[PDB]
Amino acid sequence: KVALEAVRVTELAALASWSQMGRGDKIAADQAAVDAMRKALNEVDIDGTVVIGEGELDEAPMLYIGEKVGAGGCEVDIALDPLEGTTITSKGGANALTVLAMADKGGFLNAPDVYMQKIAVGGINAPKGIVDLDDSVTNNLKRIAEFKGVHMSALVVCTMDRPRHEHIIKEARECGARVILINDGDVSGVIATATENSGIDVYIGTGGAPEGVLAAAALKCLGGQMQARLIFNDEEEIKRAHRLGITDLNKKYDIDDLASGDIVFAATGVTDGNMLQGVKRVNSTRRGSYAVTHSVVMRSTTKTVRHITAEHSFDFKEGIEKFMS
């Protein structure tokens, strides 16, 4: 229907964000991104409504939860991060993306801005029940080593550099695994388990709830397993979840529970990461100077995956500011 057109949205949000890469301005980065994604997303033939975005109305003037978007077409619910990794992008760190998923009405978990435990593994073969948040780290990786046909010492486990991950990092290591640390970007790091050239076999750790819904949306189209659990340390978070319909607070959600039906997923890299290469300036002797975006588009029914590298003309003698929409 609309699948291949969403990638223009992510591409322009990543050009805008790339304008603010290395500037150290989390707010200019996130605003150039929201600006440009909203501007491009009001031009796709959809009757879309932002199920997940930059927050509730009062806080976010643009791409707030509930906002009507799209120019006219099939009725869909929209999940987005105009820029996943505003801090990353502001520093020039790895694993920053612009991300956008779409489903038939009510297909995404209606997730509050709250932490979420995660375990993910890639593979179309026959994984499921392979991965379970209520089981040991050792048992999950023992199963995964069996499924992949490797020694435990070959598995590469990704998680975020935090204190809250210390125990998983220790258990996975004495269990025999290799555990690598990303500063930030667990969307990139979850999807990297099902991304053909990452060096990452498993992702374990806790991070945003929306990041986890968007990553599950990708693993639906790539093929994988993933469990998630929302978590709380604050009655304000519990009321926040109560106000979204969520009553079963310790529910383990599987990939189907997080994204269901005809999902389409699209991302663009802003900086080099686990999953996508970053945006680059190129000057050829042929067509002159241009900017290069690396994008992916994926669909859950057909399961076609498309890797797209786009060349965008730019003089580069006036500021990168003109990449901002």
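Numbering starts at 1 and runs along the sequence shown. For clarity, a rigid core is taken as the largest C-alpha set superposing within 1.5 Å between two forms.
- Root mean square Cα distance to the shown form, taken over structures and residues in 4 other deposited structures of this protein after a core fit, is higher for 280-288 when 280-288 and 263-271 are compared.
- Note on 219-227 and 86-94: with rigid core alignment, C-alpha atoms in 4 other deposited structures of this protein sit farther from this form for 86-94.
- Stretches compared: 177-185, 217-225. Higher mean C-alpha B-factor in the entry: 217-225.
- Across the two stretches, 132-140 and 233-241, the PDB entry reports the greater mean Cα temperature factor for 233-241.
- Among 298, 270, 63, 292, the highest C-alpha B-factor recorded in the PDB entry belongs to 63.
- When the C-alpha B-factors of 44, 33, 279, 264 are read from the PDB record, the largest value belongs to 44.
- Among all modelled residues in this chain, the alpha-carbon of residue 84 has a temperature factor (C-alpha) in the middle third.
- When the modelled residues of the chain are ordered by their C-alpha B factor, residue 209 lands in the lowest third.
- When the modelled residues of the chain are ordered by C-alpha B-factor, residue 90 sits in the middle third.
- Per-chain ranking of the deposited C-alpha B factor places residue 150 in the lowest third.
- For residue 195, the recorded CA temperature factor ranks within the middle third of the chain's modelled residues.
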